[PDB]
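Undergrad: For reference, this is structure_38.txt, and it has compact mmCIF, C-alpha atoms and all ligand atoms.
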```txt
# COMPACT_ATOMS: atom_id res chain seq x y z
CA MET A 1 -16.28 -28.31 15.81
CA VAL A 2 -15.17 -25.07 17.45
CA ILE A 3 -12.56 -27.34 19.03
CA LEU A 4 -11.46 -28.77 15.67
CA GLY A 5 -11.38 -25.21 14.35
CA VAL A 6 -9.15 -24.03 17.19
CA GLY A 7 -6.98 -27.09 16.64
CA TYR A 8 -6.48 -26.37 12.94
CA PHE A 9 -5.99 -22.65 13.60
CA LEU A 10 -3.17 -23.22 16.10
CA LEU A 11 -1.53 -26.04 14.15
CA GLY A 12 -1.62 -23.92 11.00
CA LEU A 13 0.07 -21.08 12.87
CA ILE A 14 2.80 -23.42 14.10
CA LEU A 15 3.41 -24.90 10.65
CA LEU A 16 3.44 -21.42 9.12
CA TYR A 17 5.88 -20.16 11.73
CA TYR A 18 8.49 -22.91 11.56
CA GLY A 19 7.79 -23.88 7.96
CA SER A 20 8.53 -20.34 6.78
CA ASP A 21 11.97 -20.35 8.39
CA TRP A 22 12.85 -23.74 6.90
CA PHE A 23 11.73 -22.58 3.47
CA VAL A 24 13.91 -19.48 3.78
CA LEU A 25 16.94 -21.38 5.08
CA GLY A 26 16.65 -24.00 2.35
CA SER A 27 16.16 -21.37 -0.35
CA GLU A 28 19.19 -19.40 0.86
CA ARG A 29 21.30 -22.56 0.72
CA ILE A 30 20.01 -23.55 -2.73
CA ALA A 31 20.90 -20.04 -3.97
CA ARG A 32 24.48 -20.54 -2.81
CA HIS A 33 24.60 -24.01 -4.38
CA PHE A 34 23.48 -22.71 -7.78
CA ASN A 35 25.52 -19.50 -7.58
CA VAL A 36 22.45 -17.27 -7.89
CA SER A 37 21.50 -14.24 -5.79
CA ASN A 38 18.93 -14.39 -3.00
CA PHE A 39 16.78 -12.05 -5.10
CA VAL A 40 16.72 -14.56 -7.95
CA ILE A 41 15.77 -17.49 -5.72
CA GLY A 42 13.11 -15.30 -4.08
CA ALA A 43 11.70 -14.13 -7.42
CA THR A 44 11.49 -17.62 -8.87
CA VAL A 45 11.30 -20.71 -6.68
CA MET A 46 10.03 -18.88 -3.57
CA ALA A 47 7.60 -16.56 -5.39
CA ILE A 48 5.99 -19.32 -7.42
CA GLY A 49 5.90 -21.80 -4.54
CA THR A 50 4.10 -19.30 -2.32
CA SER A 51 1.76 -18.17 -5.16
CA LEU A 52 0.43 -21.70 -5.80
CA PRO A 53 -2.56 -20.88 -3.55
CA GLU A 54 -3.37 -17.80 -5.66
CA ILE A 55 -3.07 -19.73 -8.93
CA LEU A 56 -5.32 -22.59 -7.81
CA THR A 57 -7.82 -20.16 -6.25
CA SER A 58 -8.07 -17.93 -9.30
CA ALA A 59 -8.34 -20.88 -11.66
CA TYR A 60 -11.00 -22.59 -9.56
CA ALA A 61 -13.03 -19.41 -9.00
CA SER A 62 -13.20 -18.58 -12.70
CA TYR A 63 -14.02 -22.20 -13.56
CA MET A 64 -16.91 -22.01 -11.01
CA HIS A 65 -18.10 -18.93 -12.78
CA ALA A 66 -16.93 -16.38 -10.23
CA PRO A 67 -14.48 -14.33 -12.29
CA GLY A 68 -14.81 -11.38 -9.92
CA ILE A 69 -13.36 -13.49 -7.14
CA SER A 70 -10.67 -14.75 -9.53
CA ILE A 71 -9.30 -11.28 -10.32
CA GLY A 72 -10.09 -9.98 -6.82
CA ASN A 73 -7.78 -12.63 -5.39
CA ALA A 74 -4.96 -12.01 -7.92
CA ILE A 75 -4.85 -8.21 -7.70
CA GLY A 76 -5.78 -8.05 -4.02
CA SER A 77 -2.78 -10.29 -3.38
CA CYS A 78 -0.43 -7.94 -5.22
CA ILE A 79 -1.64 -5.02 -3.10
CA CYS A 80 -1.26 -7.09 0.07
CA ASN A 81 2.25 -8.18 -0.99
CA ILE A 82 3.56 -4.62 -1.32
CA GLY A 83 1.46 -2.79 1.24
CA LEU A 84 1.51 -5.28 4.10
CA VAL A 85 4.18 -7.86 3.39
CA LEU A 86 6.91 -5.57 2.07
CA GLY A 87 5.74 -2.80 4.44
CA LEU A 88 6.35 -4.88 7.56
CA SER A 89 9.50 -6.52 6.17
CA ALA A 90 11.15 -3.22 5.21
CA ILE A 91 10.81 -1.92 8.78
CA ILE A 92 12.36 -5.10 10.18
CA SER A 93 15.27 -5.12 7.70
CA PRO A 94 15.85 -2.01 5.55
CA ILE A 95 16.92 -2.73 1.96
CA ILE A 96 19.37 -0.77 -0.19
CA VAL A 97 18.79 -1.96 -3.75
CA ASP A 98 21.78 -2.56 -6.02
CA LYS A 99 21.87 -1.36 -9.63
CA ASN A 100 20.86 -4.62 -11.34
CA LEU A 101 17.95 -5.36 -9.03
CA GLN A 102 16.76 -1.83 -9.81
CA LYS A 103 16.46 -2.84 -13.46
CA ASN A 104 14.51 -5.93 -12.47
CA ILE A 105 12.10 -3.75 -10.48
CA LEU A 106 11.74 -1.41 -13.49
CA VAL A 107 10.73 -4.37 -15.67
CA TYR A 108 8.25 -5.38 -12.95
CA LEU A 109 6.78 -1.88 -13.06
CA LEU A 110 6.43 -2.00 -16.86
CA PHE A 111 4.72 -5.39 -16.59
CA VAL A 112 2.23 -4.06 -14.05
CA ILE A 113 1.48 -0.96 -16.13
CA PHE A 114 1.03 -3.15 -19.20
CA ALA A 115 -1.40 -5.39 -17.27
CA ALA A 116 -3.34 -2.35 -16.05
CA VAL A 117 -3.72 -0.99 -19.58
CA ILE A 118 -4.85 -4.18 -21.32
CA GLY A 119 -7.11 -4.81 -18.32
CA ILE A 120 -9.12 -1.56 -18.66
CA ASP A 121 -11.87 -3.48 -20.47
CA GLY A 122 -11.31 -6.56 -18.33
CA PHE A 123 -9.05 -9.52 -19.08
CA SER A 124 -9.78 -11.90 -21.94
CA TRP A 125 -8.19 -15.27 -22.52
CA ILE A 126 -5.86 -13.62 -25.04
CA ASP A 127 -4.79 -11.12 -22.37
CA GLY A 128 -4.02 -14.14 -20.19
CA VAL A 129 -1.93 -15.86 -22.84
CA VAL A 130 0.13 -12.71 -23.34
CA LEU A 131 0.69 -12.17 -19.59
CA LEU A 132 1.70 -15.82 -19.16
CA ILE A 133 4.23 -15.55 -21.97
CA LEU A 134 5.67 -12.39 -20.45
CA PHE A 135 5.77 -14.11 -17.04
CA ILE A 136 7.86 -16.91 -18.57
CA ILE A 137 10.21 -14.43 -20.27
CA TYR A 138 10.59 -12.52 -17.00
CA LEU A 139 11.65 -15.70 -15.17
CA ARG A 140 14.27 -16.68 -17.73
CA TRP A 141 15.63 -13.14 -17.98
CA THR A 142 15.78 -12.92 -14.18
CA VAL A 143 17.65 -16.21 -13.83
CA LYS A 144 20.05 -15.29 -16.66
CA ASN A 145 21.02 -11.97 -15.07
CA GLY A 146 21.36 -13.29 -11.54
CA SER A 147 23.28 -16.47 -12.34
CA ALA A 148 26.96 -17.42 -12.08
CA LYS A 156 27.21 -36.96 -7.52
CA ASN A 157 25.06 -36.93 -4.34
CA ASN A 158 26.04 -34.18 -1.95
CA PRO A 159 24.61 -34.09 1.62
CA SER A 160 24.89 -30.28 1.70
CA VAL A 161 22.59 -30.08 -1.33
CA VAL A 162 20.23 -32.84 -0.22
CA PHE A 163 19.74 -31.24 3.19
CA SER A 164 19.13 -27.95 1.36
CA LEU A 165 16.41 -29.33 -0.89
CA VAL A 166 14.76 -31.19 1.97
CA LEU A 167 14.60 -28.00 4.04
CA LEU A 168 13.17 -26.08 1.10
CA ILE A 169 10.52 -28.63 0.15
CA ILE A 170 9.45 -29.51 3.70
CA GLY A 171 9.34 -25.82 4.54
CA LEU A 172 7.21 -25.11 1.49
CA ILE A 173 4.85 -27.95 2.42
CA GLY A 174 4.77 -26.49 5.93
CA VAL A 175 3.75 -22.99 4.84
CA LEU A 176 1.17 -24.15 2.28
CA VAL A 177 -0.48 -26.73 4.55
CA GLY A 178 -0.15 -24.31 7.45
CA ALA A 179 -1.92 -21.52 5.58
CA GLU A 180 -4.74 -23.87 4.57
CA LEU A 181 -5.18 -25.19 8.13
CA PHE A 182 -5.10 -21.68 9.55
CA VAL A 183 -7.78 -20.54 7.11
CA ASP A 184 -9.92 -23.66 7.48
CA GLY A 185 -9.61 -23.40 11.25
CA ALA A 186 -10.72 -19.76 11.22
CA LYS A 187 -13.70 -20.64 9.01
CA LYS A 188 -14.71 -23.51 11.31
CA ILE A 189 -14.50 -21.26 14.38
CA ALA A 190 -16.56 -18.57 12.66
CA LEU A 191 -19.16 -21.11 11.58
CA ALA A 192 -19.35 -22.70 15.03
CA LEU A 193 -19.76 -19.29 16.70
CA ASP A 194 -22.45 -18.36 14.16
CA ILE A 195 -20.50 -15.33 12.96
CA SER A 196 -19.79 -16.59 9.43
CA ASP A 197 -20.04 -13.81 6.88
CA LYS A 198 -19.59 -14.62 3.18
CA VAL A 199 -18.82 -11.01 2.24
CA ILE A 200 -16.07 -10.77 4.88
CA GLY A 201 -14.82 -14.23 3.93
CA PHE A 202 -14.43 -13.33 0.25
CA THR A 203 -12.85 -10.00 1.23
CA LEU A 204 -10.16 -12.03 3.04
CA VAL A 205 -9.43 -14.53 0.25
CA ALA A 206 -6.39 -12.62 -1.04
CA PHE A 207 -4.99 -12.32 2.48
CA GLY A 208 -5.47 -16.03 3.13
CA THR A 209 -3.60 -16.99 -0.04
CA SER A 210 -0.89 -14.43 0.85
CA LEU A 211 -0.16 -15.97 4.27
CA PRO A 212 2.78 -17.93 2.82
CA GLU A 213 4.32 -14.71 1.38
CA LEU A 214 3.71 -12.91 4.66
CA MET A 215 5.41 -15.48 6.89
CA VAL A 216 8.20 -16.32 4.45
CA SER A 217 9.06 -12.65 3.96
CA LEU A 218 9.00 -11.96 7.70
CA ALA A 219 11.28 -14.97 8.29
CA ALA A 220 13.62 -13.65 5.61
CA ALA A 221 13.51 -10.12 7.01
CA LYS A 222 14.40 -11.40 10.50
CA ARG A 223 17.51 -12.97 8.99
CA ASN A 224 18.30 -9.69 7.22
CA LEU A 225 17.86 -11.29 3.79
CA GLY A 226 16.55 -8.16 2.09
CA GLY A 227 17.18 -9.26 -1.48
CA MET A 228 15.19 -12.42 -0.80
CA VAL A 229 12.33 -10.34 0.59
CA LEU A 230 12.27 -8.07 -2.44
CA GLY A 231 12.52 -11.02 -4.86
CA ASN A 232 9.63 -12.78 -3.17
CA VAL A 233 7.42 -9.68 -3.33
CA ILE A 234 8.26 -8.73 -6.92
CA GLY A 235 8.16 -12.32 -8.16
CA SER A 236 4.91 -13.11 -6.34
CA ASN A 237 3.13 -10.15 -7.89
CA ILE A 238 4.30 -11.21 -11.34
CA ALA A 239 3.23 -14.78 -10.59
CA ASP A 240 -0.12 -13.49 -9.39
CA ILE A 241 -0.66 -11.53 -12.63
CA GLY A 242 1.03 -13.67 -15.30
CA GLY A 243 0.03 -16.83 -13.51
CA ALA A 244 -3.04 -16.54 -11.26
CA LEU A 245 -4.90 -13.78 -13.10
CA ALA A 246 -3.81 -15.18 -16.48
CA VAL A 247 -5.11 -18.69 -15.79
CA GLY A 248 -8.36 -17.26 -14.44
CA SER A 249 -8.90 -15.41 -17.72
CA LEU A 250 -8.55 -18.68 -19.64
CA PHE A 251 -11.81 -19.99 -18.14
CA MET A 252 -13.86 -16.83 -18.33
CA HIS A 253 -13.54 -13.14 -19.14
CA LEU A 254 -12.42 -11.32 -15.97
CA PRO A 255 -14.23 -8.06 -15.22
CA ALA A 256 -12.12 -4.90 -14.98
CA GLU A 257 -10.83 -3.79 -11.59
CA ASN A 258 -9.55 -0.38 -12.63
CA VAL A 259 -9.46 1.18 -9.16
CA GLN A 260 -7.48 -1.71 -7.69
CA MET A 261 -5.12 -1.78 -10.67
CA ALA A 262 -4.53 1.96 -10.23
CA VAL A 263 -3.72 1.36 -6.55
CA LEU A 264 -1.32 -1.42 -7.59
CA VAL A 265 0.32 0.77 -10.22
CA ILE A 266 0.78 3.53 -7.63
CA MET A 267 2.30 1.16 -5.05
CA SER A 268 4.52 -0.41 -7.72
CA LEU A 269 5.68 3.02 -8.88
CA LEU A 270 6.57 4.00 -5.32
CA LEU A 271 8.44 0.71 -4.91
CA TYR A 272 10.52 1.41 -8.02
CA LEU A 273 11.23 5.05 -7.06
CA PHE A 274 12.37 4.08 -3.55
CA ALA A 275 14.51 1.28 -4.99
CA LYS A 276 16.10 3.57 -7.56
CA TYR A 277 16.54 6.86 -5.71
CA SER A 278 16.42 5.97 -2.04
CA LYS A 279 16.09 2.83 0.05
CA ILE A 280 13.28 0.52 1.11
CA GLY A 281 13.59 1.10 4.83
CA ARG A 282 11.63 2.22 7.85
CA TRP A 283 9.77 5.22 6.49
CA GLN A 284 9.13 3.63 3.13
CA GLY A 285 7.63 0.62 4.94
CA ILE A 286 5.56 2.92 7.16
CA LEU A 287 4.17 4.54 3.98
CA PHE A 288 3.40 1.16 2.35
CA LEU A 289 1.53 0.06 5.48
CA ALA A 290 -0.33 3.36 5.68
CA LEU A 291 -1.45 3.01 2.04
CA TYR A 292 -2.41 -0.61 2.76
CA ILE A 293 -4.53 0.38 5.76
CA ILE A 294 -6.20 3.11 3.69
CA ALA A 295 -6.87 0.54 0.96
CA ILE A 296 -8.52 -1.97 3.27
CA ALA A 297 -10.48 0.88 4.86
CA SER A 298 -11.88 2.13 1.56
CA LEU A 299 -11.91 -0.47 -1.23
CA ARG A 300 -15.22 -2.22 -1.92
CA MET A 301 -15.65 -5.33 0.23
CA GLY A 302 -16.49 -8.81 -1.02
CA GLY A 303 -13.22 -9.65 -2.78
CA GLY A 304 -15.09 -9.39 -6.06
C1 LIG H 401 8.72 -9.69 -18.84
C2 LIG H 401 9.44 -8.95 -19.95
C3 LIG H 401 8.76 -7.60 -20.24
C4 LIG H 401 7.80 -7.17 -19.11
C5 LIG H 401 6.99 -5.89 -19.40
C6 LIG H 401 7.35 -5.21 -20.75
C7 LIG H 401 6.08 -4.61 -21.40
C8 LIG H 401 5.44 -5.58 -22.44
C9 LIG H 401 4.39 -4.83 -23.29
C10 LIG H 401 4.72 -4.84 -24.80
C11 LIG H 401 4.80 -6.30 -25.35
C12 LIG H 401 3.43 -7.02 -25.18
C13 LIG H 401 3.34 -8.36 -26.00
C14 LIG H 401 3.00 -8.14 -27.49
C15 LIG H 401 1.95 -7.03 -27.70
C16 LIG H 401 0.54 -7.40 -27.14
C17 LIG H 401 -0.39 -6.16 -27.05
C18 LIG H 401 -1.73 -6.53 -26.41
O1 LIG H 401 -2.53 -5.66 -26.20
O2 LIG H 401 -1.97 -7.90 -26.07
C19 LIG H 401 -3.27 -8.26 -25.52
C20 LIG H 401 -4.32 -8.02 -26.55
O3 LIG H 401 -4.85 -6.75 -26.32
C21 LIG H 401 -5.45 -9.02 -26.43
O4 LIG H 401 -6.47 -8.61 -27.35
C1 LIG H 402 10.59 -4.89 -23.82
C2 LIG H 402 11.07 -3.58 -23.23
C3 LIG H 402 10.88 -2.45 -24.25
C4 LIG H 402 9.40 -2.24 -24.64
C5 LIG H 402 8.59 -1.75 -23.43
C6 LIG H 402 7.08 -1.53 -23.70
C7 LIG H 402 6.41 -1.12 -22.36
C8 LIG H 402 4.84 -0.97 -22.43
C9 LIG H 402 4.19 -1.19 -21.05
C10 LIG H 402 3.16 -0.08 -20.67
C11 LIG H 402 2.64 0.71 -21.92
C12 LIG H 402 1.24 0.22 -22.40
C13 LIG H 402 1.32 -0.86 -23.55
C14 LIG H 402 0.28 -0.65 -24.67
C15 LIG H 402 -0.56 -1.90 -24.98
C16 LIG H 402 -2.07 -1.57 -25.21
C17 LIG H 402 -2.78 -2.57 -26.15
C18 LIG H 402 -4.31 -2.49 -26.06
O1 LIG H 402 -4.83 -1.41 -25.99
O2 LIG H 402 -5.11 -3.68 -26.05
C19 LIG H 402 -6.53 -3.47 -25.86
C20 LIG H 402 -7.18 -4.79 -25.58
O3 LIG H 402 -8.58 -4.70 -25.59
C21 LIG H 402 -6.72 -5.28 -24.21
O4 LIG H 402 -7.29 -6.57 -23.99
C1 LIG H 403 -11.09 -11.33 10.96
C2 LIG H 403 -9.85 -12.09 11.37
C3 LIG H 403 -9.10 -12.69 10.17
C4 LIG H 403 -8.34 -13.98 10.53
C5 LIG H 403 -7.47 -14.47 9.35
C6 LIG H 403 -8.17 -15.57 8.51
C7 LIG H 403 -8.22 -15.21 7.00
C8 LIG H 403 -9.09 -16.23 6.17
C9 LIG H 403 -10.60 -16.16 6.51
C10 LIG H 403 -11.48 -16.48 5.27
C11 LIG H 403 -10.69 -16.31 3.92
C12 LIG H 403 -11.28 -17.19 2.78
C13 LIG H 403 -12.81 -17.49 2.99
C14 LIG H 403 -13.50 -18.03 1.71
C15 LIG H 403 -14.91 -18.56 2.04
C16 LIG H 403 -15.71 -17.59 2.96
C17 LIG H 403 -16.74 -18.33 3.84
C18 LIG H 403 -17.24 -17.48 5.01
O1 LIG H 403 -18.38 -17.08 5.02
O2 LIG H 403 -16.36 -17.14 6.10
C19 LIG H 403 -16.75 -15.90 6.73
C20 LIG H 403 -16.13 -15.73 8.08
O3 LIG H 403 -16.42 -14.46 8.58
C21 LIG H 403 -14.61 -15.88 7.97
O4 LIG H 403 -14.09 -15.73 9.29
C1 LIG H 404 3.65 -16.25 16.22
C2 LIG H 404 3.02 -15.89 14.89
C3 LIG H 404 3.46 -14.50 14.40
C4 LIG H 404 2.67 -14.01 13.16
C5 LIG H 404 3.04 -12.57 12.76
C6 LIG H 404 2.26 -12.08 11.51
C7 LIG H 404 1.99 -10.56 11.53
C8 LIG H 404 0.58 -10.23 10.91
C9 LIG H 404 0.61 -8.94 10.07
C10 LIG H 404 -0.77 -8.49 9.53
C11 LIG H 404 -1.96 -9.41 9.95
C12 LIG H 404 -3.31 -8.89 9.35
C13 LIG H 404 -4.51 -9.07 10.35
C14 LIG H 404 -5.85 -9.41 9.66
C15 LIG H 404 -5.68 -9.72 8.15
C16 LIG H 404 -6.83 -9.16 7.26
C17 LIG H 404 -6.29 -8.16 6.21
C18 LIG H 404 -7.27 -7.92 5.06
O1 LIG H 404 -8.19 -7.16 5.22
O2 LIG H 404 -7.09 -8.57 3.80
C19 LIG H 404 -7.75 -7.97 2.66
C20 LIG H 404 -7.30 -8.72 1.43
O3 LIG H 404 -7.77 -10.04 1.46
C21 LIG H 404 -5.77 -8.75 1.42
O4 LIG H 404 -5.25 -7.43 1.31
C1 LIG H 405 16.07 -20.87 -17.58
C2 LIG H 405 15.45 -21.02 -16.20
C3 LIG H 405 13.99 -20.65 -16.16
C4 LIG H 405 13.15 -21.48 -17.10
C5 LIG H 405 11.69 -21.09 -17.12
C6 LIG H 405 10.86 -21.73 -16.02
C7 LIG H 405 9.38 -21.59 -16.28
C8 LIG H 405 8.52 -21.98 -15.10
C9 LIG H 405 7.06 -21.61 -15.33
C10 LIG H 405 6.16 -21.72 -14.11
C11 LIG H 405 4.80 -21.11 -14.40
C12 LIG H 405 3.75 -21.41 -13.34
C13 LIG H 405 2.36 -20.99 -13.77
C14 LIG H 405 1.83 -21.83 -14.90
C15 LIG H 405 0.44 -21.42 -15.33
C1 LIG H 406 -0.35 4.29 -16.27
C2 LIG H 406 -1.68 3.76 -16.77
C3 LIG H 406 -2.23 2.69 -15.85
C4 LIG H 406 -3.73 2.51 -15.94
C5 LIG H 406 -4.33 2.29 -14.57
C6 LIG H 406 -5.60 1.46 -14.60
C7 LIG H 406 -6.83 2.32 -14.38
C8 LIG H 406 -7.31 2.93 -15.68
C9 LIG H 406 -7.94 4.28 -15.47
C10 LIG H 406 -9.14 4.47 -16.36
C11 LIG H 406 -10.17 5.38 -15.74
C12 LIG H 406 -11.39 5.55 -16.62
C13 LIG H 406 -12.14 4.26 -16.80
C14 LIG H 406 -13.31 4.40 -17.75
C15 LIG H 406 -13.72 3.08 -18.36
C1 LIG H 407 12.86 -1.76 14.39
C2 LIG H 407 12.07 -0.61 14.97
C3 LIG H 407 10.80 -0.39 14.17
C4 LIG H 407 9.90 0.70 14.70
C5 LIG H 407 9.16 1.41 13.58
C6 LIG H 407 7.71 1.64 13.98
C7 LIG H 407 6.74 1.01 13.00
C8 LIG H 407 5.63 1.95 12.58
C9 LIG H 407 4.54 1.29 11.76
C10 LIG H 407 3.44 2.30 11.54
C11 LIG H 407 2.35 1.87 10.57
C12 LIG H 407 1.63 3.11 10.09
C13 LIG H 407 0.20 2.87 9.68
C14 LIG H 407 -0.65 4.10 9.89
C15 LIG H 407 -0.70 4.52 11.34
CA CA H 408 -8.60 -6.59 -21.97
NA NA H 409 4.16 -16.05 -4.14
NA NA H 410 0.43 -16.80 -1.90
NA NA H 411 -2.84 -13.74 -1.78
```
As structure tokens, what does this structure read like?
Ligand SMILES: CCCCCCCC/C=C\CCCCCCCC(=O)OC[C@H](O)CO
Ligand SMILES: CCCCCCCC/C=C\CCCCCCCC(=O)OC[C@H](O)CO
Ligand SMILES: CCCCCCCC/C=C\CCCCCCCC(=O)OC[C@H](O)CO
Ligand SMILES: CCCCCCCC/C=C\CCCCCCCC(=O)OC[C@H](O)CO
Ligand SMILES: CCCCCCCCCCCCCCC
Ligand SMILES: CCCCCCCCCCCCCCC
Ligand SMILES: CCCCCCCCCCCCCCC
Ligand SMILES: [Ca+2]
Ligand code: NA
Ligand code: NA
Ligand code: NA
TA:
Amino acid sequence: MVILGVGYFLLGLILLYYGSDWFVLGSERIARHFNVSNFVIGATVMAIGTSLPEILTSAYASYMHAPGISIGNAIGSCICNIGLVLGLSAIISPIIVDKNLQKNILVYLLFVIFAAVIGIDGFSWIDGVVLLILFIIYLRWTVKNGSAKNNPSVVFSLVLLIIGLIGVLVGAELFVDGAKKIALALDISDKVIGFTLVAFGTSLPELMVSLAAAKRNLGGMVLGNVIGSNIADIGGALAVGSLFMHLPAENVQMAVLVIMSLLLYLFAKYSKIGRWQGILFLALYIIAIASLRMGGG
């Protein structure tokens, strides 16, 4: 039991580690095949693939009548994605953002502010429908602006991508299940801590994929994955949650998200996303996890 837990834990780590690199390599190749930028592949295929845990989690939680957990997971993931994931990644591989990606980040910022505003009284199913529609528009706009028989180069590419994605998603689940089994076996299970960590657990794919990308100096891919995952987490995970049940407002967390998103845009536009920007993101992240209410909703 503690043995099974340790087994899952370690296997999950392995699958996350190697799976993330395969996913990145396959995504980079697919981007070159389709003549789209690494940012675009990161913001679309990679972002959505890695946010599937958040979407399922938020949908399931709201369906099980725990809408606090549903929104806690969605918004907590956005804060994790900028504070921790981008924070670490930016230090590893500093990013200078080109003029068109800047505009994409501005649209991201507007989307986040819009979500925060309509969410002041919580999120209804109509809020969800609107956010989903905007999510869809964002994707098509993003692909438009970043765009332009059986080929073994392409087949290898898609195999790498899909196997890598399977690797990071199964790996994250094993890692989390393994940790939970260890905690249970050692009699240190704590539901409040466990629910606090839900957003982190679902963000393990983004974490490892972004770090793999950053190691290969693929900064546009990192930024696309972070921006796209947050939009997927709001227009997808949060949105679907709100379809099952009204989601209670999380105004403090949304304000933290809006602040981090604003900083991300300002750095992108007027500076760079490099070492000291990443240090700031991590510092704000650490302050957030030190001070936000526990329990993940
Ligand atoms: C992704 C492309 C753009 C991204 C970001 C741009 C900002 C969008 C905000 C204005 C349009 C909003 C849609 C139409 C107006 C809906 C207003 C609203 O409040 O919808 C929810 C409603 O409150 C439920 O009762
Ligand atoms: C398309 C690009 C050009 C247009 C860019 C527009 C950007 C607007 C985004 C932030 C402003 C806030 C939006 C105002 C929406 C508030 C609606 C509202 O108050 O809805 C209450 C309802 O109860 C909620 O569920
Ligand atoms: C502290 C070191 C962190 C290690 C990284 C692992 C992150 C995932 C752990 C649980 C997330 C989802 C749990 C959802 C259900 C909670 C059930 C529970 O009570 O688990 C509590 C226990 O303390 C949990 O270790
Ligand atoms: C060989 C393998 C190399 C792997 C290298 C990965 C580097 C890990 C970076 C931060 C880990 C965080 C440690 C504990 C995570 C808990 C954070 C938390 O509190 O999450 C709250 C919320 O759920 C979400 O913001
Ligand atoms: C023109 C290329 C992009 C087309 C649009 C792709 C839409 C994919 C939608 C995925 C949404 C996942 C969450 C559903 C709730
Ligand atoms: C730029 C506007 C973003 C809004 C950020 C969300 C938090 C809303 C602050 C409201 C504080 C008062 C709440 C009383 C119900
Ligand atoms: C490639 C060299 C990287 C070295 C940069 C040091 C990283 C500092 C991270 C500090 C995190 C700050 C949180 C609050 C103390
Ligand atoms: Ca609302
Ligand atoms: Na994602
Ligand atoms: Na995720
Ligand atoms: Na997450």
Undergrad: Set the distance at 8 Å and use all atoms listed in the file: which residues neighbour residue 241 in chain A once local chain neighbours fewer than 5 positions away are removed? I'd like the list as a ChimeraX atom specification.
TA: /A:74-75,115,131,246
Undergrad: Give as JSON, numbers by chain the residues surrounding ligand LIG 407 (chain H) up to a distance of 6 Å, considering only C-alpha atoms and all ligand atoms.
TA: {"A": [91, 92, 286, 289, 290]}
Undergrad: Let me make sure I understand: among A:31, A:6, A:48, A:169, which one has the smallest atom-to-atom distance to residue 146 in chain A if we use only C-alpha atoms?
TA: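 Residue with the minimum atom-to-atom distance to residue 146 in chain A: A:31.
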Undergrad: So what do you get for CA of residue 141 in chain A versus CA of residue 285 in chain A, distance-wise?
TA: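 Spanning CA of residue 141 in chain A to CA of residue 285 in chain A is a straight-line distance of 27.9 Å.
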Undergrad: Write out as a list in words the residues lying within 9 Å of range 36-41 of chain A, counting all atoms listed in the file and excluding same-chain residues fewer than 4 positions away.
TA: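 After dropping sequence-adjacent residues, the list is residues 27, 28, 30, 31, 32, 45, 46, 47, 101, 139, 142, 143, 145, 146, 147, 148, 225, 226, 227, 228, 229, 230, 231, 232 and 235 of chain A.
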Undergrad: Which residue gives the smallest distance to residue 1 in chain A among A:183, A:96, A:50, A:193, with all atoms listed in the file counted?
TA: A:193
Undergrad: Which is closer to residue 205 in chain A than all the others in A:221, A:61, A:85, A:293, using all atoms listed in the file?
TA: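 Ranking A:221, A:61, A:85, A:293 by distance to residue 205 in chain A, first place goes to A:61.
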Undergrad: Within 6 Å of (14.0, -22.4, 3.4) in the file's own coordinates, which protein, DNA or RNA residues have an atom, counting only C-alpha atoms? List them as a ChimeraX atom specification.
TA: /A:21-27,167-168,171
Undergrad: Residues within 8 Å of ligand LIG 405 (chain H), counting all atoms listed in the file: report them as a PyMOL selection string.
TA: chain A and resi 48+55+132+135-137+139-141+143-144+239+242-244+246-247
Undergrad: Listing only residues of chain A within 12 Å of ligand LIG 402 (chain H), what is the closest atom pair and its distance in Å (to one decimal) for each, using only C-alpha atoms and all ligand atoms, sorted by chain and residue number ascending, as a tab-separated table?
TA:
```
residue	atom	partner	partner_atom	distance
A:103	CA	H:LIG402	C2	11.2
A:104	CA	H:LIG402	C2	11.5
A:106	CA	H:LIG402	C2	10.0
A:107	CA	H:LIG402	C2	7.6
A:108	CA	H:LIG402	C9	10.0
A:109	CA	H:LIG402	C9	8.4
A:110	CA	H:LIG402	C9	4.8
A:111	CA	H:LIG402	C9	6.1
A:112	CA	H:LIG402	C10	7.8
A:113	CA	H:LIG402	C10	4.9
A:114	CA	H:LIG402	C10	4.0
A:115	CA	H:LIG402	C10	7.8
A:116	CA	H:LIG402	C12	8.2
A:117	CA	H:LIG402	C12	5.8
A:118	CA	H:LIG402	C21	3.6
A:119	CA	H:LIG402	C21	5.9
A:120	CA	H:LIG402	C21	7.1
A:121	CA	H:LIG402	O3	6.2
A:122	CA	H:LIG402	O4	6.9
A:123	CA	H:LIG402	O4	6.0
A:124	CA	H:LIG402	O4	6.2
A:125	CA	H:LIG402	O4	8.9
A:126	CA	H:LIG402	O4	7.3
A:127	CA	H:LIG402	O4	5.4
A:128	CA	H:LIG402	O4	9.1
A:129	CA	H:LIG402	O4	10.8
A:130	CA	H:LIG402	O4	9.7
A:131	CA	H:LIG402	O4	10.7
A:134	CA	H:LIG402	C1	9.6
A:137	CA	H:LIG402	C1	10.2
A:138	CA	H:LIG402	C1	10.2
A:141	CA	H:LIG402	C1	11.3
A:246	CA	H:LIG402	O4	11.9
A:249	CA	H:LIG402	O4	11.0
A:253	CA	H:LIG402	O4	10.3
A:254	CA	H:LIG402	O4	10.6
A:255	CA	H:LIG402	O4	11.3
A:256	CA	H:LIG402	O4	10.4
A:265	CA	H:LIG402	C10	10.9
```
Undergrad: Quick one: distance from atom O2 of ligand LIG 403 (chain H) to CA of residue 192 in chain A in Å, one decimal?
TA: 10.9 Å
